Amino acid sequence: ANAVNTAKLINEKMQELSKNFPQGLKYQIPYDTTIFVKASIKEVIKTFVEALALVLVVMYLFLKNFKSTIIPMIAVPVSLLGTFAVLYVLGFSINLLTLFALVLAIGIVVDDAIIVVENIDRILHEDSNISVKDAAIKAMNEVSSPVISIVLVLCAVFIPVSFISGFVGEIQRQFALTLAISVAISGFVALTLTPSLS
Amino acid sequence: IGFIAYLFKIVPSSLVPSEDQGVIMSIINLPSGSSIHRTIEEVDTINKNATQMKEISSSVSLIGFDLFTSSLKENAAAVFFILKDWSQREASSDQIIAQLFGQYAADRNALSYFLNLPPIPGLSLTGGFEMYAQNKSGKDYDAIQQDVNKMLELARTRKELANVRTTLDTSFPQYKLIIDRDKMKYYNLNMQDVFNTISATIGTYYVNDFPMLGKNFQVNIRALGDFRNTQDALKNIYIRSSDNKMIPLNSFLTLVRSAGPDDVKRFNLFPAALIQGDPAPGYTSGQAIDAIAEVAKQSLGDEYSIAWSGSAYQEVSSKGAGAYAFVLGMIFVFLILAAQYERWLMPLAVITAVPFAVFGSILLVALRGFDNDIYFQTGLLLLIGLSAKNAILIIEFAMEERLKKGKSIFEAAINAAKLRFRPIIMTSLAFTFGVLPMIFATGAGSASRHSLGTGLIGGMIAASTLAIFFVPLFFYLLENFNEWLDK
Amino acid sequence: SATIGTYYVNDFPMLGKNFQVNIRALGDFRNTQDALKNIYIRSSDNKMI
Amino acid sequence: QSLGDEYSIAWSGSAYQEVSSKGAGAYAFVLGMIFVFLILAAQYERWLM
Amino acid sequence: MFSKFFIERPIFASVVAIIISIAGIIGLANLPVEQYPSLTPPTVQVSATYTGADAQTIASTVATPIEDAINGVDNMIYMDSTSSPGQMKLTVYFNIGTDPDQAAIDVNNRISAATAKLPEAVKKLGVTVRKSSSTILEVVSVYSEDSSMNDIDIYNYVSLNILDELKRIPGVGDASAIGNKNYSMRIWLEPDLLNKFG
Amino acid sequence: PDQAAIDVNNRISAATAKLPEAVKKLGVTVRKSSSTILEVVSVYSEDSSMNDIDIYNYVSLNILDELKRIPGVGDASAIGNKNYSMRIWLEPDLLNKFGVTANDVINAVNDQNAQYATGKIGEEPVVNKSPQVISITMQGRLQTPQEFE
Amino acid sequence: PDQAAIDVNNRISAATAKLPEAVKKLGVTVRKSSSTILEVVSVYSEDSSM
């Protein structure tokens, strides 16, 4: 179930009941775990927006082209939404551990987008005769195998963390599996969508 | 790498950092056997003193329930101080806890321990590990407590075993009922009848249930409170004989003052005592577990065998398969990199490029003073991933320069590093400035954010600053060695 | 059942656990077909039958 | 109209299934048309075809 | 090449991104939201009430039979019991990765056999078996700002009225009050009058 | 097998009320046991000092409880069935001589060898507040044969 | 259908205290049910002797 929606429903129903309350009787909610998850969601959203803005700034500085900033703006949300879909399918839940893991996954996603777009731009500016489509094809021929190898290496790093049992095993399994999903989706996006947009 | 090992040695490790949850859990314990009116008065004074505190918005009190041992004790109470929002109040939970300890440090009637709410559910109150000393031999609980006191005397000496405590308390006042069976039967009485009179006068007798407001509620019989508050309560109680003679209870029953356990704890079908101890600041929690285990072994008898629960059980259980999992994860990484590069030696460049991120993260956490928490381990996983990413790209470009372009090994390394320099700096700047606010995070979940952010930033700065120089060195060495074997 | 068989009345404390209390006649008094002859029961007239 | 605010109405069996499943057909139709459009844009590499 | 196929076909990459986005949005809307997942190993609590019985009496007569019966349940690591005057509290800890409902029903089936041994009062009040793996969503305090309603009145108002509405709320596993003061027809004997009237 | 055990228990719970008092008193145990011996472990005294009863009670108190916690052990029992019990050996000639019956001894043991419930002294609600709450403790169960005598 | 019975059994056993004593003595039965009447079988005597 959704903790935030349930807490909102509980508060609304408590107000409704408090309308028909005996004189002198009040209610209050001292402890509420929904506060932590709402604050964590807000912090993760702020981190995502800040990371996207910094990616746009560094892309507009190093690459000197504003139209290039559109590529991360599409690659990053697509990778994150794919990560969310895979998390829902596998049965994960939005909790503090998964939000902290998503904060890390932002780094992987922006790293992949920046890597691919920068390689495209380097090959484009190395040769004046080469066209944008030819430059994209050449750069992807260069880094298609490394991207697959990086995805496999990252997964071979993260999956064995999951097999650890115990309290620490489960806590680190949350991060490890979220990161593995993130690197898989980010690599697939960097292989398919990012070169096309570039 | 030697300095990395030293830094990992000199950085203390903790499970999860203490956090400000907005609630201060206060545990009030009066002397054992105390009435509940005394606990109510003490909790009222504690609440009225905490009203003066600006941070404490409101107080939630559970009087008559002990939180350390889940059981109803009249001498015990738990009071939760609901703090203001993080934005409103400047003082953190630790400062308010210090103030509360300061105003209640002077000797008084009640012993109040003010502790922060646990960060993650499923972790014991405070940090005391759970240990159970099962008594196979079947000794009386008063002797079990004497042996536990000997064990605590030996453990108290060691610096590793800080704040060792035992919940086994046999000092509760009790009244011992001494049945005079010869007199009981001489009076034509059955024991069950006399104990039904005792249960109906001094205790509560649940005869049956009655219907009220559409629900069944109990019907309880108990004598008036003014007739069961003294040791002489047995005087007024009368029991009918089989000879139809009223017989006072004190004729054949006696109340004798004594002391004994209020909570009798049994672990795995055996009587047990709980030992609650905290690790030393320098030693780790596992070292404290080993130390208390050895202390219990040397102090306790052969009957006492240590059984563990909770944090200690996780510590004993978790670390076993992690080593094999990480060995397999490194073997698979090596195989995948060898398949990519088509060379057995070459993946060693990426593998030796990894440790720079660990170096930077551990250096920054040691300098800031943050411990080796689990969030630090997760940050280590991310930093390992990104460092391996950069190393793989640099090595692939160096290999392509050496093979496709025919550049010399020195020239290939130079050109590969120069090519990969820009994207590495780009992503390093983006991610470092992205996670920079985590160090300066607000109150809600502050400690975890600070630890993860400081570890991540240290690792990222170290990787982007140093690994860029060192990966080409490894490629040059391994390529020269490969040329050596070809000759 | 109390004389010829074992009658399990209730438990008693020994070695920390609870152990049964059983009532039975001596082996020589439940050993033949005439075992019923020795055993008596009091009626509601207080006569041993 | 008859019972008033003191009473609420609840359904069982087929009535419950119908009342709860109102709208599923329209949701499926909309999603199907969207996915048909996306697949056809993919195959023919044009947006307006 | 794999990447060249998407570079030459921007619409195909775009619709792949759109489908990934739609799946991600669906999963995000349907993702469970919690504070922390089931990191702690599952536990089952067994409670029996022997009113007026001392801790030793409870430990020997109620705690020992139930503990002996529960011993042997599958996937059980260790079992702990605390006996206090009036009440017996037993907590069975199960190996992490065990379904809480399977464990609870196993313990229930064992205690069903063990119940008849227990003293008459314990059987009459019953033995309560529940899973304590669930964590607290929040705490709601119903208080009387005036002195009009005692603890008893507030508790019974809460149990009769507040609790039923809150349990109907979607996503609420259960709501339980802590006061433990139900209505009861209390008969207060006066031993002086009892002796006066024989 | 777990679902099978749960189904059998659900169906048994209804009929156990109908069973005689003694049968339900001893309990009705449902186990997912194949009833075929996996292995036999023989615990014996080489000194021959410990009699059969003592060895059986030792393996019942210590060994069997540990063995039942082993995953994959459906049921672990010892053949002796020699758990300690306070055996009372009636002598029918003496019963007839003194005039008591077996039922009288049954009632006496059931009455004078049980622990009952005794409340606490000084518990609320009391108008005259007392400094302490003191629990009443009784030992109504006899422990030694010299006590049952 | 199996897991639903498990969950119902667990909740009923969790709320033992609320039940009255008579139902506890007789027992509470939780069993998978079905509204589907597969068929009705009629056994009748032809001779009308039974």
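In table form, for the structure just shown:
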{"read-out": "Total charge dipole magnitude, segment B:104-200, about the Cα centre, Cβ charges on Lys, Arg, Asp, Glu only, Debye to nearest 20", "value": "140 debye"}
{"read-out": "Radius 13 Å from Cβ of A:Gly24, net charge of other residues (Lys, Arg +1; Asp, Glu -1)", "value": "-2"}
{"read-out": "Cα centroid of segment A:161-175 to Cα centroid of segment E:143-198, whole Å", "value": "44 Å"}
{"read-out": "Longest to shortest principal axis, alpha-carbon extents of chain D, angstrom", "value": "60, 21, 10"}
{"read-out": "Over chain G - Rg/Rh using Cα atoms and the Kirkwood inverse-distance radius", "value": "1.29"}
{"read-out": "Highest-first arrangement of B:276-289, A:118-131, where packing means the average Cβ count within 10 Å", "value": "B:276-289, A:118-131"}
{"read-out": "Cα centroid separation, segment E:64-94 to segment B:255-307 (Å)", "value": "19 Å"}
{"read-out": "Within straight-line cross-link reach of A:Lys138, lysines at Cα separation under 16 Å, skipping those fewer than 8 residues along the same chain", "value": "B:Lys404, B:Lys405, E:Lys4"}
{"read-out": "Over 26 Å between alpha carbons, listed pairs B:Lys136/F:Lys68; B:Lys139/F:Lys129; E:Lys124/F:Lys18; F:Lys129/G:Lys18", "value": "B:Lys139/F:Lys129; F:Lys129/G:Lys18"}
{"read-out": "For segment E:1-95, the Rg and Dmax computed from alpha carbons only, in angstrom", "value": "27.9, 84"}
{"read-out": "GluC sites (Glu not before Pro) within chain G: DSSP coil, no more than 12 neighbouring Cβ in 10 Å", "value": "G:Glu39, G:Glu46"}
{"read-out": "Dipole magnitude of segment B:78-138 about its Cα centre (Cβ charges: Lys, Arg +1; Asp, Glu -1), debye to nearest 20", "value": "160 debye"}
{"read-out": "Residues of type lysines that C:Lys47 reaches as a straight line, Cα spacing below 29 Å, ignoring anything fewer than 8 places off in the same chain", "value": "B:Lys183, B:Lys185, B:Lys245, C:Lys37, F:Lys97"}
{"read-out": "Peptide-level mean, for F:139-148, of C-beta atoms on other protein chains within 10 Å", "value": "4"}
{"read-out": "Euclidean distance of C-alpha centroids, segment C:1-38 and segment B:418-440, integer Å", "value": "85 Å"}
{"read-out": "Relative packing of F:124-135, A:152-163, B:360-371, which averages over residues the other C-beta atoms within 10 Å, highest first", "value": "A:152-163, B:360-371, F:124-135"}
{"read-out": "Residue exposure sequence - E:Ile58, A:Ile29, B:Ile424, B:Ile120 - by fewest surrounding Cβ within 10 Å", "value": "A:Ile29, B:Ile120, B:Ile424, E:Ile58"}
{"read-out": "Under 21 Å from the Cα of A:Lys42 - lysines, other chains or at least 8 residues apart", "value": "A:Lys8, B:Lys84"}
{"read-out": "Hull-based mean projected area of segment B:1-145, where the convex hull spans the alpha carbons, in square nanometres", "value": "13.7 nm²"}
{"read-out": "Shielding of B:254-265 by partner chains, average beta-carbon count, 10 Å", "value": "5"}
{"read-out": "Which of B:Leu328, B:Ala273, B:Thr352, positive extreme of dipole for segment B:273-365 (C-beta unit charges)", "value": "B:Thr352"}
{"read-out": "Residue-averaged beta-carbon neighbours from other chains (10 angstrom radius) around F:53-60", "value": "1"}
{"read-out": "Zone of F:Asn103's modelled label, taken as backbone nitrogen in segment C:9-49 under 14 Å from a point 7 Å along Cα→Cβ", "value": "C:40-49"}
{"read-out": "Cα-centred dipole magnitude for chain E, charges only on beta-carbon of K, R (+1) and D, E (-1), debye, nearest 20", "value": "480 debye"}
{"read-out": "Residues B:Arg38, B:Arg420, G:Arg11 arranged by fewest to most Cβ contacts within 10 Å", "value": "G:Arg11, B:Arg38, B:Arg420"}
{"read-out": "Orientation-averaged projected area, Cα convex hull of chain B (nm²)", "value": "35.0 nm²"}
{"read-out": "Simple label model, 7 Å out from Cα along Cβ direction - B:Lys297 to B:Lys185, nm", "value": "5.3 nm"}
{"read-out": "Trypsin sites (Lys or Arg not before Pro) within segment B:217-280: DSSP coil, no more than 13 neighbouring Cβ in 10 Å", "value": "B:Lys245"}
{"read-out": "Angle in degrees between helix E:100-114 and the longest Cα principal axis of chain E, rounded to the nearest 10", "value": "20 degrees"}
{"read-out": "Span per principal axis, largest first, for the Cα atoms of segment A:1-104 (Å)", "value": "69, 30, 19"}
{"read-out": "Binned Cα-Cα distance frequencies in the protein assembly as shown - 10 Å width, integer %", "value": "2, 8, 14, 18, 17, 15, 11, 8, 4, 2, 1, 0, 0"}
{"read-out": "FRET efficiency, 1/(1 + (r/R0)^6) with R0 30 Å, evaluated for D:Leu31 and A:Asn5 via beta carbons", "value": "0.80"}
{"read-out": "Area projected by the alpha carbon convex hull of chain A, averaged over all directions, nm²", "value": "14.8 nm²"}
{"read-out": "E:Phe12, E:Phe6, B:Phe8 arranged by Cβ crowding within 10 Å, fewest neighbours leading", "value": "B:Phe8, E:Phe12, E:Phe6"}
{"read-out": "Peptide ranges E:173-179, B:302-308, G:31-37 listed from the most packed, as the mean C-beta count within 10 angstrom indicates", "value": "B:302-308, E:173-179, G:31-37"}
{"read-out": "Cα shape, chain E, gyration tensor, a/c 1.5 rule", "value": "oblate"}
{"read-out": "Those GluC sites (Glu not before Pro) in segment E:137-198 that DSSP places in a loop and that have at most 14 other beta carbons within 10 Å", "value": "E:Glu145"}
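Here, each number is a calculation from the coordinates, and none is a lab measurement. Using ideal geometry, Cβ is built from the backbone for each residue, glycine included, and neighbour counts are taken over all protein chains shown.
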